[PDB]
Amino acid sequence: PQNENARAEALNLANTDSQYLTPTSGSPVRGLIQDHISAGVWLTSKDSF
Amino acid sequence: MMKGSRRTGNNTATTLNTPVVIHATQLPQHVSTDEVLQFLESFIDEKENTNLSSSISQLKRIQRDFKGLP
Amino acid sequence: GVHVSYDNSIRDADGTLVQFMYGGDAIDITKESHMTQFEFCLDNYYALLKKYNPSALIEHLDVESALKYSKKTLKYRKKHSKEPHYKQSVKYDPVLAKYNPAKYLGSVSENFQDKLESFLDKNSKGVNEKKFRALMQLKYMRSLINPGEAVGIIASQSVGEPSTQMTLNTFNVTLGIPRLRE
Amino acid sequence: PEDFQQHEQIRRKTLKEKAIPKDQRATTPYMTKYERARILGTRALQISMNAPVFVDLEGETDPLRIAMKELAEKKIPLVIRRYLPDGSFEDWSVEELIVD
Amino acid sequence: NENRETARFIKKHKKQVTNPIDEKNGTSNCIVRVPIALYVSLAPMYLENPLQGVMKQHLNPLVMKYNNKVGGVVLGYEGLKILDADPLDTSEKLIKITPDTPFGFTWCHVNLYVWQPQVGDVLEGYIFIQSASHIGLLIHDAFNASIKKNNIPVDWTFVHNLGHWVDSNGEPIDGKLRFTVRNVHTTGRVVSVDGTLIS
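This deposited entry lists cryo-EM as its structure determination method and 3 Å as its resolution.

Under the PDB entry, chain D has the name DNA-directed RNA polymerases I, II, and III subunit RPABC2 and belongs to Saccharomyces cerevisiae. The PDB lists this entry under the title "RNA Polymerase I Open Complex conformation 2". For chain D, the Sequence similarities comment in UniProt is given as "Belongs to the archaeal Rpo6/eukaryotic RPB6 RNA polymerase subunit family."

The PDB entry lists chain B under the name DNA-directed RNA polymerase I subunit RPA14, from Saccharomyces cerevisiae. UniProt annotates chain B under Function with the comment "DNA-dependent RNA polymerases catalyze the transcription of DNA into RNA using the four ribonucleoside triphosphates as substrates. Component of RNA polymerase I (Pol I) which synthesizes ribosomal RNA precursors. RPA14 seems to play a role in the stability of subunits RPO26 and RPA43. In vitro, the RPA14-RPA43 subcomplex binds single-stranded RNA." A UniProt comment under Subcellular location is attached to chain B, and it reads "Nucleus, Nucleolus".

Residue and element names in this part refer to chain E. Locating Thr106 in the fold gives a position in strand 5 (residues 104-115). Residue classification places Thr106 among the buried positions, given a relative accessible area of 7%. Setting aside chain neighbours within four positions, we find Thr106 in contact with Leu38, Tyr39, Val40, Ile82, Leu83 and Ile95.

Looking now at the sheet that holds strand 1 (residues 3-4) of chain C. Residue and element names in this part refer to chain C. One open sheet accounts for 3 strands, arranged 1-2-3; its pairing is antiparallel. The open sheet terminates on both sides in strands that have one partner only, identified here as strand 1 and strand 3 (17-19). In this sheet, strand 3 lies alongside strand 2 (residues 10-11) in antiparallel orientation, the contact comprising 2 bridges. Within strand 3, the residue paired with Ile10 across the bridge is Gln19.

Before going further, it helps to examine the pairing of strand 7 (residues 127-130) of chain E. The pairing of strand 7 of chain E with strand 8 (residues 134-139) of chain E spans 3 bridges and is antiparallel. Looking across to strand 8 of chain E, one finds that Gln130 of chain E is bridged to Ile135 of chain E.

Our focus in this paragraph is the nonpolar core. Grouped together as the largest cluster of nonpolar side chains are 57 residues, with contacts concentrated most on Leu112, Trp115 and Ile135 of chain E. Per element, the largest residue contribution to this core is 7 residues, and it comes from strand 1 (residues 31-42) of chain E. Beyond its immediate sequence surroundings of up to four residues, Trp115 of chain E is in contact with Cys30, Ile31, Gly72, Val73, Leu123, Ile139, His140, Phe143 and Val193 of chain E. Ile10, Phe119 and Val127 of chain C together with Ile98 of chain D belong to the second-largest nonpolar core, a separate cluster that totals 36 residues.

This part takes up the environment of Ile76 of chain D. Assignment of secondary structure puts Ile76 of chain D in the loop between helix 3 (63-72) and strand 1 (79-83). On a C-alpha basis, the gap between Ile76 of chain D and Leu45 of chain D in space is 13 Å, while along the polypeptide they are 31 residues apart.

Here the focus is helix 2 (residues 64-78) of chain C. Residue and element names in this part refer to chain C. An ideal rise of 1.5 Å per residue puts 21 Å on 15 residues; helix 2 measures up with 22 Å between its terminal C-alpha atoms. Buried within helix 2 are the following residues: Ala66, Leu67, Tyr69, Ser70, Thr73, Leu74 and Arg77. All buried residues of helix 2 project into a common sector of 165° when viewed along the axis, lining one side. Set apart from the buried face of helix 2 by more than 90 degrees, the exposed residues are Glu64, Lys68, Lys71 and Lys75. At its buried positions, helix 2 is contacted by helix 3 (110-120) and helix 4 (130-142).

What follows covers the layout of surface pockets. Considered as a void within the structure, the second largest pocket measures approximately 1500 Å³ in volume. In this structure, the second largest pocket is lined by 49 residues; those nearest its centre are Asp28, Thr30, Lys31 and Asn146 of chain C together with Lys33 of chain D. For the lining of the second largest pocket, the secondary structure elements donating two or more residues are helix 1 (38-43), helix 4 and helix 5 (151-157) of chain C together with helix 2 (35-47) of chain D. A per-element tally of the lining of the second largest pocket places helix 4 of chain C first, with 3 residues. Its residues assigned to classes, the lining of the second largest pocket comprises 22 nonpolar, 16 polar and 11 charged.

Let us now look at empty space enclosed by the protein. One water molecule sets the probe size; rolling that probe over the atoms shows where empty space is left. The calculated volume of the second largest cavity comes to roughly 30 Å³. When its residues are assigned to classes, the lining of the second largest cavity shows 6 nonpolar, no polar and 2 charged.

The next subject is the packing of aromatic side chains. For the coordinates displayed, the defined rule picks out 19 aromatic pairs over all chains. Measuring from ring centre to ring centre gives 6.3 Å for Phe4 of chain D and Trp107 of chain E, while their planes differ by 35°; the resulting arrangement is tilted. Taken together, the positions of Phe4 of chain D in helix 1 (residues 2-17) and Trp107 of chain E in strand 5 put the pair across two chains. Of the two residues, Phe4 of chain D and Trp107 of chain E, neither departs from the other in class, the shared state being buried.

With that out of the way, let us pick up a nonpolar patch on the surface. Together, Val159, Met166 and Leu180 of chain C give the surface a local cluster of nonpolar side chains, amounting to about 250 Å² of exposed area. Structurally, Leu180 of chain C can be placed in helix 6 (residues 176-180).

The partner chain E presents 41 residues to the 35 residues of chain B that form the contact. Where chain B abuts chain E, roughly 3500 Å² becomes buried across the two surfaces, and 63% of that area is made up of carbon and sulfur atoms. The largest share of the area that chain B buries against chain E comes from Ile22, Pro28 and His30 of chain B, three residues that together contribute 19% of it. Applying the counting rule to chain B against chain E returns 0 salt bridges. Applying the counting rule to chain B against chain E returns 10 residue pairs in polar contact. Elements with a contribution of two residues or more to the side of chain B that touches chain E: strand 1 (22-24), strand 2 (29-30), helix 2 (33-46) and helix 3 (53-67) of chain B. Broken down by element, the residue count for the side of chain B that touches chain E peaks at 8 residues, all from helix 3 of chain B. Judged from the 3 bridges that link them, strand 1 of chain B and strand 1 of chain E form a sheet pairing that is antiparallel. In the sheet register, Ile22 of chain B faces strand 1 of chain E, and the bridge partner there is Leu38 of chain E.

Our focus in this paragraph is the sheet that holds strand 9 (residues 143-148) of chain E. Residue and element names in this part refer to chain E. Strand order in the open sheet formed by 6 strands is 6-10-11-9-8-7, with mixed pairing between adjacent strands. Among the strands making up the open sheet, the edge pair consists of strand 6 (122-125) and strand 7. The average undirected angle you get between the axes of adjacent strands in this sheet is 40°. Sheet topology note: the strand 8/strand 9 ladder contains 6 bridges and is antiparallel. Across the sheet, residue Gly136 finds its bridge partner in strand 9, namely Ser146.

Moving on, we get to the pairing of strand 10 (residues 177-185) of chain E. All names here are of chain E. Note: strand 6 against strand 10, 4 bridges, orientation antiparallel. For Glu124, the partnering residue across the bridge sits in strand 10 and is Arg178. Here strand 10 pairs with strand 11 (residues 192-196) via 4 bridges, running antiparallel. Bridge assignment links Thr180 to a residue of strand 11, and that residue is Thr196. Connecting strand 10 to the next strand, strand 11, in antiparallel fashion are 6 residues.

Reading the values: rules and limits
Residues numbered from 1 in each chain as written, not as in the entry; some residues may be left out. Chains lettered and ligands numbered in written order. Part of a larger assembly, values for the part shown. Heavy atoms only, no water. UniProt positions renumbered as here; feature names shortened; annotations may be inferred. Helix = DSSP H or I, 4+ residues; strand = E, 2+ residues; numbered from the N terminus. Buried < 20%, exposed > 50% of the residue type's maximum accessible area, 1.4 Å probe, protein only. Contact = heavy atoms within 4.5 Å. Pairing = 2+ DSSP bridges. Core = buried A, V, L, I, M, F, W, Y, C linked by side-chain atoms within 4.5 Å. Expected span 1.5 Å × (residues − 1). Arc of directions from axis to C-beta. 1 Å grid on protein atoms, 1.4 Å probe; cavity = no way out; pocket = protein on both sides within 12 Å on 5 of 7 lines; lining within 4 Å. Points joined across faces, edges and corners; volume = space filled by probe spheres on them. Nonpolar A, V, L, I, M, F, W, Y, C, P; charged D, E, K, R; others polar. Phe/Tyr/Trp six-rings, centres within 6.5 Å; stacked < 30°, edge-to-face > 60°. Patch = residues over 30% accessible without salt bridge, like charges linked within 9 Å, V, L, I, M, F, W, Y side chains within 5 Å. Areas by Shrake-Rupley, 256 points an atom, 1.4 Å probe, with all protein chains shown as cover. Salt bridge = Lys/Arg side-chain N within 4 Å of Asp/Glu carboxyl O. Buried area = accessible area lost by both parts, 1.4 Å probe. Polar contact = N/O pair within 3.5 Å; in protein donor to acceptor, adjacent residues only side chain to side chain. Axes fitted to C-alpha atoms, helices over the stretch in contact; angles between N-to-C directions.

Shown next, in the form of structure tokens:
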């Protein structure tokens, strides 16, 4: 976008940080997906020292 | 051609240079020589406490006109 | 062109009125997640207090006018609960229809007030019950829908988009998308 | 000349009937996330056209980060005109609104 | 049919206030004061000094030039006053910023002193040249005028030396000459008053 009115709306209205919850039901849509999931079951395990 | 760009500069009337609309809000009420000469004494004094110097130079001839003599 | 107006009524673009509040409670969907999670809001009371910070805020909004009217509509409504809906007396219209939810503290949808009083009367736990009312009623006030919000596009994108997910066949009544297309 | 004088007089009377006075205004006292995203847009758009700036900008070259510094100090000289859908309106200075 | 058809055309072209001959001098009065209204664009560099901005952008390029709306040469202005967009006088007025651009547009009242020459009037100015085809003049030491040959009286002859003039009595005419106004020409960036000497 090519002016300052639109830069103030890609930072404050349509940025990704304000889009954490979707308005369909209020459920979150942003998070770690495949292998950061399967690494937290090993990192936060009880064997990890 | 080039003259199609010179008349963009010969016109040079943007919305920064010119007002958008002008409307007279009453009727033109005439004045007296004692009121013209009182005004030009104050209008020239206000601007002389750029542009406009080529204009004021034409007003001082009219200030010399209503009272003085070449 | 359906959007939240500044008097919290949902109106069309030409000004024709569609609803009088957004859903009856004027709450944004992306805000009401922990609004009824009262056990979470009590375990994190102090960390949630300097977010919904009330100290710099009690001079720009009336406080006691809506709390006074709410207890009339709460006491009068429990005296008439065994009656059916057509024998309900209409003395006390709800507090959202009398006070602006973003202007008056305590003006609160009557379903949130019932859940909040059911929590405080079955749970006796450095935090009072009086100051926990004051937090969860300011949290209702900060979770409201904003005026100008395009709730018409959102309501249409919240139906057409999960309907790209139910195109399937028989697993008696018309199912799925062809029912939704009627 | 008379048809304009009787036309401006209508227009300044119509816009007088639609101005809600400051004691009758009954909308939200918070800044509603779109007012914030346009005040910062319009103020940063004026700063880049050499408007006088009311904050000690410390080498900040982004015009938008300058206007976010003035909104933090309540120094922005703008006024929000909140329209109600009949055409009537309420004027709210940025100084008196509340920033979420 | 046509009685109330051309009235919205004829009254478009009839000028409003006619110039009177005054003070038993025979000369008309063409300087007039008209209050007008403008819709101007205040710029953000003049957002702290709004009155200097409306004068320097829109009012100063308007002086000593022919304006079509007031119908004359604008001499100067007096009493600039910005209309507030807040119908509450006061100092802290406020104007309305456009959405796309950072500029603001607003209404203003001002009094313009304009010079309004019209037909059938009397203007006395100095003769600056005279030749074998015309009599060229100034008006008020600023406004160019000319009297051509076909409106010179027949009883007046052009004696040749550049050349002097002979009236109906054998006298050179001075600079100050009284004449009656023909079509005022506009189309240049110079305002020209063509005139007549016959009655």
